[PDB]
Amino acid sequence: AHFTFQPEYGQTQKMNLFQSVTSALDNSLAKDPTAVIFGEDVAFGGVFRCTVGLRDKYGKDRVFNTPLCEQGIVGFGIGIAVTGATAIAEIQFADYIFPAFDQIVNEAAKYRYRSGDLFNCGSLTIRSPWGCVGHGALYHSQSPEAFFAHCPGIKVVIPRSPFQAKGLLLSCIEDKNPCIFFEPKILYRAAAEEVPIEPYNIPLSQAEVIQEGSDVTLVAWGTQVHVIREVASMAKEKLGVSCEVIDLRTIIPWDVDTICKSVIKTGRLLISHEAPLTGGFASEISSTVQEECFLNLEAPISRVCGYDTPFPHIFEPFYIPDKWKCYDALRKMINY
C-alpha cells in the first residue's frame, strides 16, 4: 500500500470513509424532507456501500435507482434542484462523470448566472468515487478535478479522511451552489477514525494546515495528503527540514490566502497530485503563488504529479507521485 492513514462535536463513533458518507447522507435526509439520493445501484446500498440502509429508513421515493445513463442522472438532478428540493446524485466512478460533462459545465454551472438568479440548481450535489486504488487502470482510477476547475459556477471538494468527509459533504449538500464531492475510494475501507454522529460542517474554500513548518510548504488533497504527511516525516528525520503540510480540501473556489501565507513564511512550495501534470490543478496553484509571492520564493515551485499518460494497470506503482518521488523533489528544492 502506497500511503498510511493515521489520526467538541458531541458523541462520536469509529467510522471508515464509506460509513462517514452514509452518516452524512442519513443526517441530511433526516433534517431535510425534500432531500433525495439517486443514481446507479444506490437502492441496495451502492457498489461501495455508501447508501446501505438508507432506502429502508427513508423510503423508496427518496433513495432510488436510475437507468444507466450519467447524462440523465445529472440532468435529472438539476431539474430536482430547480424546484428547490435537495438532489444528491451519485456517479458510480468519477471516471464515468464525462457523459454528464455538458450537463455540469454548460447547464449546472451556468444556471444561476444566465437566468439573472430567476432559477438555480444550488441544491444539487454530485458525489462520486475518485482516485487511484492500486489496480483500477484507466477507468477505475481517474482524478478529474482539473477538468472541472476551469468551469466557473461549480464547486469541487475532496476530503482526506472520514471526519473530513462527513463535515465537507454536509457542507456541499447545504451549500447554495452545485457541488461535486469526490470520495477517495482507496479510503472507503481503510482505517476508521472517530466521527460525530450528529451533523456538523467543515467550511468550503478553506485549506487546512495540518502540520506547521518553516522550511517548505507541501500542498495536496485526498489520499495524497497522507503521502505528503509521510514526506514531511522523511524530510525531518533525513534532512532536518521542517515542512508545513496543507490539505487544500476545496479545489474551486480555492483558498489562495492560506497557501500564499504559508509560502510567504517558508519561501518554498511543492504541490502534489495523482492527476497528470499537464493542465493539472497544481499549475493553477503554482502560477498563482508565483504571482503573489514572487519575492518570497527561494527556489522554483515544484509539481510532483502523475505522468501525462492514461492511468495504467500493471504499471501503477511506477505511475503514482509516491513519497519517494515527492521526497526527492523536496530534496532538490531544499538544495537549490
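In case it trips you up, residue 1 is the first one in the sequence shown, and so on.
Count the deposited residues lacking coordinates between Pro7 and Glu8 and you get 4 to 9 of them. Of the two segments examined, 198 to 206 and 155 to 163, it is 198 to 206 that shows the higher average Cα temperature factor in the deposited entry.
Remark: stretch with higher mean C-alpha B factor among 233 to 241 and 112 to 120 is 233 to 241. The residue among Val47, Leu295, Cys69, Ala275 whose C-alpha carries the highest B-factor in the deposited model is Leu295. Between the residues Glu183, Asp215, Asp255, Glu145, it is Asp215 that shows the highest Cα B-factor in the PDB record. Among the modelled residues of the chain, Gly267 sits in the highest third by CA temperature factor in this PDB entry. For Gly280, the recorded CA temperature factor ranks within the middle third of the chain's modelled residues. Per the PDB record, residue ranking by Cα B-factor puts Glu193 in the highest third of the chain. In this PDB entry, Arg127 carries a Cα temperature factor that places it within the lowest third of its chain's modelled residues. In the deposited entry, the Cα temperature factor of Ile88 places it in the lowest third of its chain's modelled residues.
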